[PDB]
Amino acid sequence: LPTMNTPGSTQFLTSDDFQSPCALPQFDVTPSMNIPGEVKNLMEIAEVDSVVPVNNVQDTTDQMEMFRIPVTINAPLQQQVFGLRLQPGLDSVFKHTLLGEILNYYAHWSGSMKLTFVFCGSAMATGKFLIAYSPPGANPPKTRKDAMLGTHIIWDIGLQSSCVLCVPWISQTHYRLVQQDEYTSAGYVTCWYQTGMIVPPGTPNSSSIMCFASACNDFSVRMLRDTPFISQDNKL
Amino acid sequence: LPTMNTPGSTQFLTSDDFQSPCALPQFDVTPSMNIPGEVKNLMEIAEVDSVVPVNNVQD
Amino acid sequence: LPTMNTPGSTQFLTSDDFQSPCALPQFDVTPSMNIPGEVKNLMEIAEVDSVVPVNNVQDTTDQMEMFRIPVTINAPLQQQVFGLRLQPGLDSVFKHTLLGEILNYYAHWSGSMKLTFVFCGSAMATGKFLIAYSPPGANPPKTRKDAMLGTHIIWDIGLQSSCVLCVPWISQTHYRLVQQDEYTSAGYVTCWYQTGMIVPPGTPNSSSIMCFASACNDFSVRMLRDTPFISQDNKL
Amino acid sequence: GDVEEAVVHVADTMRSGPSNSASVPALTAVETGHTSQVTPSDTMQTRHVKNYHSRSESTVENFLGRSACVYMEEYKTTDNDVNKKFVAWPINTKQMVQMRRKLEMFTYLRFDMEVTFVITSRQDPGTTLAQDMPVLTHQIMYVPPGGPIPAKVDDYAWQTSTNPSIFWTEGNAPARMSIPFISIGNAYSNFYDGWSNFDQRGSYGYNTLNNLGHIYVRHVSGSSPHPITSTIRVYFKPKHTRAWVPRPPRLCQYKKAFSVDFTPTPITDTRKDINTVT
Amino acid sequence: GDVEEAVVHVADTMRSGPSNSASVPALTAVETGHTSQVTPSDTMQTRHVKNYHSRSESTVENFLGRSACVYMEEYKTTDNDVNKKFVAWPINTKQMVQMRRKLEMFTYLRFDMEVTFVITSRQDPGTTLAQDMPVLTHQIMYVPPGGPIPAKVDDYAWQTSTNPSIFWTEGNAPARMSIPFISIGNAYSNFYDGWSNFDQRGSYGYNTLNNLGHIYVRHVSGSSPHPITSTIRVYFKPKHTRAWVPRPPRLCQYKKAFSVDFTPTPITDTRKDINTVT
Amino acid sequence: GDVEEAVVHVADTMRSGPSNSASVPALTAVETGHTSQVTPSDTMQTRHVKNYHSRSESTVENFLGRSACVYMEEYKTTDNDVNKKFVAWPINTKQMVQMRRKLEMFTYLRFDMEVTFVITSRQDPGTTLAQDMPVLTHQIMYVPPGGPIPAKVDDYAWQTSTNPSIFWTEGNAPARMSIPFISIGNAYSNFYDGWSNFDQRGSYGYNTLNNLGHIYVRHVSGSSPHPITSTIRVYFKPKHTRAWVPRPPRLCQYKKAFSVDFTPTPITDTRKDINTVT
Amino acid sequence: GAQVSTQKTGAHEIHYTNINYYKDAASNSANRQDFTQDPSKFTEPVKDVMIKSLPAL
Amino acid sequence: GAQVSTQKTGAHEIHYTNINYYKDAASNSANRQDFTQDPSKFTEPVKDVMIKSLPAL
Amino acid sequence: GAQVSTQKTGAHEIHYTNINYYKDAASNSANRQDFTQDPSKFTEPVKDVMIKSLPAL
Amino acid sequence: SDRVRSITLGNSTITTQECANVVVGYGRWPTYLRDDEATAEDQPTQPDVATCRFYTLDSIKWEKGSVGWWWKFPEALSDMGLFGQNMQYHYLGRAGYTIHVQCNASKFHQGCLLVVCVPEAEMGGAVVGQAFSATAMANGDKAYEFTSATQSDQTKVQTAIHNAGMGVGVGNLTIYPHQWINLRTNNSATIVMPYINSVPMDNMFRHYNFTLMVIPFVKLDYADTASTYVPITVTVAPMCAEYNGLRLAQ
Ligand SMILES: CN1CCN(Cc2ccc(NCc3ccccc3F)cc2)CC1
Ligand SMILES: CN1CCN(Cc2ccc(NCc3ccccc3F)cc2)CC1
Ligand SMILES: CN1CCN(Cc2ccc(NCc3ccccc3F)cc2)CC1
């Protein structure tokens, strides 16, 4: 049967799908067992919440302190609680979270995100907070009046101790680069005092808040790549 | 299956049409968008008028 | 017909299945004859009994002595007859038996085993014996009270001169390694005097017992390997 | 089921006779921006002609469906300079003039890609060349943007676990692969009249949208007693092409790989006078 | 008979208008261990959007379906040290960092394996290199646990009668083979929090369950007048994969090939203050 | 017509409860030469278990279906001794120990054969090695019993007209061929307890029935200015196998290629005493 | 004994044949065409179903 | 799963078979058999249709 | 003239085609798909059938 | 109300008037081994009620400086009632578990605890390339203390809290089944852990099926009160337990 070899023959492509001979002919495999916890897609992992280390103050002698956002009883009428860049795969805040780790194995991402805040103060304490997301622009907000123009939610602390801020997917392109640059910016997220925290007598004067990050049901990734967080110099 | 290679095997012809493996398996492409001004044949461009520089007087 | 060679072409794999040209074209083979004793599976061989050399006392000047387990008329009320490790493919006792030889050509094994004991004393002699199998544990049994807790059978010597101890397959894994280690231990087997041996006047004061080893109908092996018992240094 | 089965000639001339009427097909007005649709049959007597010519070879698919070199570089198997033993090229189609001009006739493109690699080797000159070396092997690695980049020939990054790669041995056919449409946008853009920062500052031009990654090449383990130099050529061949918004072909010679800068050029050549025809 | 014949896009956004009611989707309680299922449509007005994005590339099958190097070693065709003329590697996936981390994201795995071997050779430097040697040939032998192990290049054990082996000649395509699921248990275990002895003593960790065997390689009969060095790289490519019980990715650098030992590491990098966003 | 289309797990355990009766499955009598067919269900309470284990890998077809080396020899392209430039091997399966023991587990065998040849070359050491030689070619010739035998490399007998032969060039895949069942009897015999002469004299043992012929190998026309040594390895792979009358495996080491001679060996290893279990 | 199935393409704007040559299922090519998934296992591991609109507690 | 289609020839004075081997549509061969075209987009971009025979204005 | 048959897989959780190219049956591939066996030949070579439950003698 | 839960196992009952929902492993409820999945042949023993009951595993003290604690199972219950005896006398074991953690404080206290069950929680030694005994990681029901600073003693495990002694980010432990005890609205966390292993059954003295971890993510704080610490109690109840391969007692 006449034949002609085309270019690419005898090459080894690491991502090919070809049949090959079996070295252990007629090997009987062990019967399957339905172990609990089967995972069929990394996105299922990506959708689980994880604590975000927002308090990266360059002076954290205690590592666990990075997870707590300080709050005080007597604050200037309007005062910023925190601010951060929305770069889930590049910013130091999201770099090592359960979501950031998955993204670092890819190059493109798209979809919305969830940020959940939980108040871990006393039961008698109360307050209100304004959390706003500012799409990309030439300047990040500096005061509450600037922040309130963008997407935001007013959070009231009560019996329900958690509030969810859904960051919508507002972008000019269907996808964004994990190694984000100026062209594919995503904006900023900030939190401000809405009313202030009030406490009765006989309670601590300070409290803390924690943030959780996760992906919505429309999130996706593409173009698999090798992560840069792990490296070696010599064979183990 | 017996076979025999004919002349021309292992050559690289710049105008060939052969199937080749995909390096990015199961890559999801961006949805298509009907941008105005699609061109399907260079002759469509060739049929448009253009100014002719007839006055080539060397001065 | 355009084609491209994939990795693995022109390699010689010792366990491949490919068609090849015949060098003796149209050769007429001799007619077949149904010789008695056709064997279609090595397990059929593995299921046949064979004598186990249990008496490996490091002082056997006579090799045939290894096959006989001594027994005496006047023994301490409780006394151990023998003890051994259940490593059919590794223990010296089972290493060279008809079953051990087959196993040494493989890497994994599973299923139950049969141990058959036959009393070769006088016709007037009588006695009872306790044979027990102790699953894996931190310590092998030291006395009859310890042994009787595990699987065991009380053997009565009478007209029927043989008794069968079926070792059940109790393991955490579907398979065990022939080159057994601590992780895949199998236990121990021991025999003890139940009542003692009594003889009338005019009979020998000593007797012997023999053991036979074989596999049950649920036994199996997998992963063929090269046996280590045979070796050479120069071409014959 | 076993088999499922699956041409447009140019317009024909039509017989035209003498005419005398008020209709004036010859006269028109270009001010409307409309190109006249007149035919020779409308100004002169013509015979009936059947045309079998076809415009098959003018389709964009065929026009761009030819492999063209886009980059060539040299690396040595052994040398003192570490940077000289491997290649690191940011992917871009502006390096070679011919294919650059071919692509720049359209503003937006969307196509699949077919990549072919041609590798050749030669022994460097020297005072002593007598040596015996088995066949060499080469590794090509593709690093999407943001991935780790090797800093030396024997770096750990060469152990690709997710980055696709090809291992090739000299003497066989050139390596080949296919690449789908991998742009974040809906189509590739040859031109981009805009800036990077929202304040209209920073990088300007098509340099802003070039984020396709890098390609690295090395000798797998060859290290000869004497230097050996290798050269690699990369060829691109668009497939399944679509184009939008045609543009005028470039008149001035290229001068930069990431800019439109140029020097003024005359419109065309000159002749003795407006009547010279010889 | 002659032929028998044999897609799930992400969820679409839905138009949402102004609302004023007692329902409060935004408020929840994380104490339950339940991740909120809210969507942007539940907190802001949104338009109707059809999503054609798919999560095809995030499947475990595709995530792990890439060949990665797991071991590399060098052996010489001729030398004084007998142990230096062949390789003997106990199979394990903990040697290379990248694939180790990739696999360690799951507790239990069950997959078929595809093994590819890349072999290259080079002439050692010396004062005299002029020689002529035909093409070399290599033998790869797999020894299940407990089998005989060769002690020298020309040992009798190299006459495999049951042990599978591959003979390969330089200049051809890399060798390849397939391996089924060969674990005694129902699934491979990356971690094992337990001991070897029932008295909670002896070996500890995943080192206890590593009993996959060995691999040996040698030059079939090549013995040059001058030394020649060869290197072999082994690549693993899981197929038909299933995974259970996901785990958090490793944060600290690896330090041992058969242990989880590590050094404490900061959670992440630092910035000027909690408000810095530049 | 275009297509025509064309599993036995081990026995399952069955629930067994307490029993008290006159039946005594445990008691038997080995004097009958009958192996007891008892099962664990007959002596202890057991649960219901479904077994999916299969004995596929224990079949004789698979047990013997592995290629194994049977002979290796060296010949030179050029030398003074004529007998040293080619090989002449009488076919027999008793040369290599491993496959010999594998085959000797059965008394009679009947199978097709698949033969593969592996050839490698190397340059002999010397004071001057600088030379250039094109690729070598080798000839393998099979001579049924009684045929002419060459006496030198360039003998006339190498012009085979009826004797099958293979010509092979270095650098390609190993040569292969198939051989049907070519025994005058109804089955191969590994053992033969008898003599050659009818008066019970002459040759004794399996040496009498070995009349399979010879194999010869040479370099077709290569004759280098300097010596070059080549080695050939022969591999046999039974196919379509049938066996009869199993025998006990050999305990003593082999000492002759055409005899059963041996030296007495201990039955097995020893231990401290009959009760030692540690 | 040939299988015909669709190949990956695009939303708005396609068959390949496969045949198995070896007797061992481990020799087949990767079955990377499955896209079923269910995240409720890890996101909703609670016993009592909670309605998103209703208060959590 | 084989496609049969005509090949380029001449006017006055012819089938080939194609089969896809890979699961990715990007691996197929070039589809250079399409010859549809419409130049009115660039030659007649006006709003009101103009008859060639009638005066332009 | 193509044979289609099942290939080895697993219990809980599959066709290949074969064609012969040579005229000699010795050229075919190994027929390692047979799993019939009967051990009664070597384990029960007695003349009178013995019931396991009943006494041997 | 949905803040009231009651659980009844064997002859013991648990009542909580202030609790959140109940987390069920990976959505899988504990169950007995099926016939088509087992491997051992002999009849198992199901000592229901005798072994399936709650067992209070001692109590710790939560201070302002506490860092966390961990327990390993089933070794923690090695000497607790008939469960321990049956564990000792049998070669193989298999059972799910119900973990209930109690921690109550006034409406003027503040703090947050993370309760998580980590299956296959392998741990690394304090000094890389230095082995530890089976006493620096499990010694019965006693709780082990995490450390704020890096461990230095070579005879014990690396107790660096931020790395969880497994060389991973502490904040990512949410992936495993878990619940939070926030003093503002919760006093107890309940987790139903099914049997997870690569084999149908396993020796319960050689293998640690899973590890429980309680980590204060927001340190306890209070002011002007006579209560100096908040005790924390853990209670565990094996479920659908069955043993196999009886032998002498370990
Ligand atoms: C500026 N032009 C825009 C269009 N773009 C087309 C294009 C897209 C991808 C590739 N990939 C080549 C490749 C193949 C294999 C491995 C790595 C690779 F980068 C080529 C061209 C070209 C640039
Ligand atoms: C610790 N991981 C567990 C999973 N295991 C998968 C695995 C299983 C078998 C093989 N065999 C490779 C091989 C191929 C050909 C000949 C001999 C061989 F050993 C590889 C990986 C990897 C280790
Ligand atoms: C003692 N055993 C008896 C069985 N016999 C099997 C056998 C039969 C023929 C061959 N021929 C090998 C061959 C192939 C090609 C050319 C010439 C040849 F001799 C091999 C084994 C082996 C010896």
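So that the names make sense, note that chain A is the first sequence line, chain B the second, and so on, each numbered from 1.
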Check: Any side-chain heavy atom of G/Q7 sitting closer than 4.5 Å to one from H/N28?
Finding: yes
Check: Taking A/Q11 for the side chain and D/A175 for the main chain, is one N or O donor matched with an acceptor at less than 3.5 Å?
Finding: no
Notebook entry, point to check: Hey, does the side chain of E/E57 reach the backbone of A/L224 with a donor-acceptor pair shorter than 3.5 angstrom?
Noted result: yes
Next item on the list: Evaluate the ring planes of C/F12 and E/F167, with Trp represented by its six-membered ring, and classify them as parallel (under 30°), tilted (30 to 60°) or perpendicular (over 60°).
Entry: parallel
Note to self: Is the ring pair A/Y106/E/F63 parallel, tilted or perpendicular, if the boundaries are 30 and 60 degrees?
What the structure shows: parallel
Is it true that the side chains of [X] and [Y] contain a donor and an acceptor less than 3.5 Å apart?
| X | Y | result |
| --- | --- | --- |
| A/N41 | E/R55 | no |
| C/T14 | E/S165 | no |
| H/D24 | B/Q26 | yes |

Item checked: salt bridge (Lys or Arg N to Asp or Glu O under 4.0 Å) partners of D/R110, counting only residues at least two apart -> none
Margin query: Show, in sequence, the C-alpha distance, side-chain angles and deciding distance for E/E4 and G/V4, and conclude whether the side chain to side chain contact (heavy atoms under 4.5 Å, CB included) test is met.
Written below: CA-CA 6 Å; E/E4 315 195 318; G/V4 186; over 6 Å; no
Notebook entry, point to check: Ring centres of F/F111 and F/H240 under 6.0 Å apart?
Noted result: no
Notebook entry, point to check: So, for E/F117 and E/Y235, is the gap between ring centers shorter than 6.0 Å?
Noted result: no
Check: For C/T10, what residues pass the side-chain contact (heavy atoms from CB on, under 4.5 Å) criterion, not counting sequence neighbours?
Finding: E/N172, F/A173
Next item on the list: Only counting residues at least two apart or in another chain, list the ones meeting side-chain contact (heavy atoms from CB on, under 4.5 Å) with H/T9.
Entry: H/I14
Next item on the list: Start with the C-alpha gap between B/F18 and D/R176, add the side-chain angles, then the distance that decides, and say whether side chain to side chain contact (heavy atoms under 4.5 Å, CB included) holds.
Entry: CA-CA 10 Å; B/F18 298 129; D/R176 176 170 276 182; 4.3 Å; yes
